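S.K.: My file is model_29.pdb. It has PDB, C-alpha atoms:
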ATOM      1  CA  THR Y 295      33.050  64.578   5.207  1.00  0.00           C
ATOM      2  CA  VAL Y 296      33.765  60.998   6.306  1.00  0.00           C
ATOM      3  CA  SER Y 297      34.711  57.914   4.290  1.00  0.00           C
ATOM      4  CA  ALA Y 298      32.275  54.992   4.204  1.00  0.00           C
ATOM      5  CA  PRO Y 299      32.504  51.466   2.756  1.00  0.00           C
ATOM      6  CA  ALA Y 300      31.284  51.120  -0.834  1.00  0.00           C
ATOM      7  CA  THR Y 301      30.740  47.402  -1.380  1.00  0.00           C
ATOM      8  CA  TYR Y 302      29.241  45.465   1.513  1.00  0.00           C
ATOM      9  CA  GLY Y 303      32.072  42.958   1.077  1.00  0.00           C
ATOM     10  CA  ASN Y 304      34.334  41.216  -1.384  1.00  0.00           C
ATOM     11  CA  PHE Y 305      32.683  37.781  -1.195  1.00  0.00           C
ATOM     12  CA  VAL Y 306      29.267  39.046  -2.336  1.00  0.00           C
ATOM     13  CA  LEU Y 307      28.532  39.488  -6.042  1.00  0.00           C
ATOM     14  CA  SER Y 308      27.447  42.672  -7.806  1.00  0.00           C
ATOM     15  CA  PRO Y 309      25.073  44.612  -8.203  1.00  0.00           C
ATOM     16  CA  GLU Y 310      25.275  46.614  -4.989  1.00  0.00           C
ATOM     17  CA  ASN Y 311      21.597  47.418  -5.663  1.00  0.00           C
ATOM     18  CA  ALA Y 312      20.757  43.893  -4.411  1.00  0.00           C
ATOM     19  CA  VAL Y 313      17.030  43.692  -3.629  1.00  0.00           C
ATOM     20  CA  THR Y 314      15.951  45.919  -6.530  1.00  0.00           C
ATOM     21  CA  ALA Y 315      17.204  43.243  -8.953  1.00  0.00           C
ATOM     22  CA  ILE Y 316      15.783  40.162  -7.198  1.00  0.00           C
ATOM     23  CA  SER Y 317      12.284  41.696  -7.190  1.00  0.00           C
ATOM     24  CA  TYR Y 318      12.188  41.394 -10.992  1.00  0.00           C
ATOM     25  CA  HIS Y 319      12.823  37.661 -10.585  1.00  0.00           C
ATOM     26  CA  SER Y 320       9.602  37.384  -8.542  1.00  0.00           C
ATOM     27  CA  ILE Y 321       7.181  39.483 -10.630  1.00  0.00           C
ATOM     28  CA  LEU Y 322       7.863  37.531 -13.837  1.00  0.00           C
ATOM     29  CA  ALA Y 323       6.390  34.331 -12.314  1.00  0.00           C
ATOM     30  CA  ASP Y 342      36.522  45.225 -11.444  1.00  0.00           C
ATOM     31  CA  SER Y 343      36.113  43.106  -8.313  1.00  0.00           C
TER      32      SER Y 343
ATOM     33  CA  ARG S  99       1.216 -31.426 -37.337  1.00  0.00           C
ATOM     34  CA  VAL S 100       2.018 -35.114 -37.817  1.00  0.00           C
ATOM     35  CA  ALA S 101       1.215 -36.125 -41.402  1.00  0.00           C
ATOM     36  CA  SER S 102       1.983 -39.827 -40.875  1.00  0.00           C
ATOM     37  CA  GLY S 103      -1.712 -40.733 -40.798  1.00  0.00           C
ATOM     38  CA  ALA S 104      -2.929 -41.866 -44.215  1.00  0.00           C
ATOM     39  CA  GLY S 105      -6.644 -41.343 -43.508  1.00  0.00           C
ATOM     40  CA  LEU S 106      -6.316 -38.464 -41.012  1.00  0.00           C
ATOM     41  CA  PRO S 107      -6.367 -34.841 -42.247  1.00  0.00           C
ATOM     42  CA  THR S 108      -6.225 -32.039 -39.673  1.00  0.00           C
ATOM     43  CA  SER S 109      -9.453 -30.028 -39.602  1.00  0.00           C
ATOM     44  CA  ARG S 110      -7.573 -26.772 -38.939  1.00  0.00           C
ATOM     45  CA  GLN S 111      -5.162 -24.801 -41.125  1.00  0.00           C
ATOM     46  CA  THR S 112      -3.066 -24.286 -37.951  1.00  0.00           C
ATOM     47  CA  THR S 113      -3.735 -20.537 -37.772  1.00  0.00           C
ATOM     48  CA  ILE S 114      -5.412 -20.384 -34.355  1.00  0.00           C
ATOM     49  CA  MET S 115      -5.820 -16.756 -33.306  1.00  0.00           C
ATOM     50  CA  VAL S 116      -5.616 -16.208 -29.537  1.00  0.00           C
ATOM     51  CA  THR S 117      -6.769 -13.067 -27.711  1.00  0.00           C
ATOM     52  CA  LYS S 118      -5.237 -12.000 -24.382  1.00  0.00           C
ATOM     53  CA  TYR S 119      -5.884  -9.079 -22.033  1.00  0.00           C
ATOM     54  CA  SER S 120      -3.596  -6.238 -20.904  1.00  0.00           C
ATOM     55  CA  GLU S 121      -3.158  -5.102 -17.284  1.00  0.00           C
ATOM     56  CA  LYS S 122      -1.932  -1.542 -16.693  1.00  0.00           C
ATOM     57  CA  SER S 123      -0.366  -0.610 -13.336  1.00  0.00           C
ATOM     58  CA  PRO S 124       0.593   2.819 -11.920  1.00  0.00           C
ATOM     59  CA  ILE S 125       4.227   3.525 -11.011  1.00  0.00           C
ATOM     60  CA  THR S 126       4.301   6.594  -8.752  1.00  0.00           C
ATOM     61  CA  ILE S 127       6.501   7.771  -5.871  1.00  0.00           C
ATOM     62  CA  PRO S 128       6.835  10.971  -3.846  1.00  0.00           C
ATOM     63  CA  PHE S 129       9.838  13.130  -4.727  1.00  0.00           C
ATOM     64  CA  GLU S 130      11.368  16.338  -3.374  1.00  0.00           C
ATOM     65  CA  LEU S 131      14.034  19.000  -3.872  1.00  0.00           C
ATOM     66  CA  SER S 132      15.082  22.216  -2.118  1.00  0.00           C
ATOM     67  CA  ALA S 133      14.176  25.365  -4.050  1.00  0.00           C
ATOM     68  CA  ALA S 134      16.367  27.379  -1.671  1.00  0.00           C
ATOM     69  CA  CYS S 135      19.277  25.339  -3.026  1.00  0.00           C
ATOM     70  CA  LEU S 136      17.809  25.451  -6.540  1.00  0.00           C
ATOM     71  CA  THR S 137      18.222  29.241  -6.648  1.00  0.00           C
ATOM     72  CA  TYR S 138      21.994  28.764  -6.917  1.00  0.00           C
ATOM     73  CA  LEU S 139      21.244  26.924 -10.157  1.00  0.00           C
ATOM     74  CA  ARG S 140      18.874  29.745 -11.146  1.00  0.00           C
ATOM     75  CA  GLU S 141      21.418  32.540 -10.671  1.00  0.00           C
ATOM     76  CA  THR S 142      24.566  31.068 -12.314  1.00  0.00           C
ATOM     77  CA  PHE S 143      27.234  32.323  -9.912  1.00  0.00           C
ATOM     78  CA  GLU S 144      30.872  32.575 -10.999  1.00  0.00           C
ATOM     79  CA  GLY S 145      32.545  35.198  -8.788  1.00  0.00           C
ATOM     80  CA  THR S 146      34.383  33.253  -6.057  1.00  0.00           C
ATOM     81  CA  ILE S 147      36.081  29.896  -5.560  1.00  0.00           C
TER      82      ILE S 147
END
Please express what this file holds, its structure, as structure tokens.

M.R.:
Amino acid sequence: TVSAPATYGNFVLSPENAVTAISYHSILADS
Amino acid sequence: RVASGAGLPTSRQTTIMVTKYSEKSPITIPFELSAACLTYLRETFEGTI
């Protein structure tokens, strides 16, 4: 096993899912 | 009216209606904004200074 980064960075906002959320914006027409 | 005349009565009751005509005119200009910058308004960010 090897460690990997979890978040892509600190500056970016959650969700980590990213594109899966923005697609819903198109179809409708801790830190 | 000037009533000083003894023998002179005005023919009119001094209620002269007067019609005029309107003139409409368009007021239009091109306008623009950047939707790529508008998305920051759409997404209501708060996470970083």

S.K.: Give as a PyMOL selection string the residues that the PyMOL selection byres ((chain Y and resi 306) around 12) matches when applied to the coordinates above.

M.R.: (chain Y and resi 301-305+307-312+343) or (chain S and resi 143-147)

S.K.: Could the residues in this selection be saved with C-alpha atoms as a CSV table (one decimal), in the frame of the given file?

M.R.:
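So the final result, stored in result.csv, reads:
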chain,number,residue,atom,x,y,z
Y,301,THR,CA,30.7,47.4,-1.4
Y,302,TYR,CA,29.2,45.5,1.5
Y,303,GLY,CA,32.1,43.0,1.1
Y,304,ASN,CA,34.3,41.2,-1.4
Y,305,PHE,CA,32.7,37.8,-1.2
Y,307,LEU,CA,28.5,39.5,-6.0
Y,308,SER,CA,27.4,42.7,-7.8
Y,309,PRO,CA,25.1,44.6,-8.2
Y,310,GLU,CA,25.3,46.6,-5.0
Y,311,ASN,CA,21.6,47.4,-5.7
Y,312,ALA,CA,20.8,43.9,-4.4
Y,343,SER,CA,36.1,43.1,-8.3
S,143,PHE,CA,27.2,32.3,-9.9
S,144,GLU,CA,30.9,32.6,-11.0
S,145,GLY,CA,32.5,35.2,-8.8
S,146,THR,CA,34.4,33.3,-6.1
S,147,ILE,CA,36.1,29.9,-5.6

S.K.: CA of residue 319 in chain Y and CA of residue 128 in chain S, how far apart in Å?

M.R.: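 If I compute the distance from CA of residue 128 in chain S to CA of residue 319 in chain Y, I get 28.2 Å.
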
S.K.: Work out how far apart CA of residue 127 in chain S and CA of residue 141 in chain S are and give it in Å to one decimal.

M.R.: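 Computing it gives 29.3 Å between the two atoms.
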
S.K.: Determine the nearest neighbour of chain Y from the options S:105, S:135, S:129, S:142, counting all atoms listed in the file.

M.R.: S:142

S.K.: Put the listed atoms of range 103-109 of chain S in a box along x, y and z with 8 Å added on every side and give me the centre and edge lengths in Å to one decimal, as AutoDock Vina command-line options.

M.R.:
--center_x -5.6 --center_y -35.9 --center_z -41.9 --size_x 23.7 --size_y 27.8 --size_z 20.6

S.K.: Grab the CA of residue 317 in chain Y to CA of residue 130 in chain S distance for me, in Å with one decimal place.

M.R.: 25.7 Å

S.K.: Rank S:120, S:125, S:137, S:108 by their smallest atom-to-atom distance to chain Y, using all atoms listed in the file, and report the top residue only.

M.R.: S:137
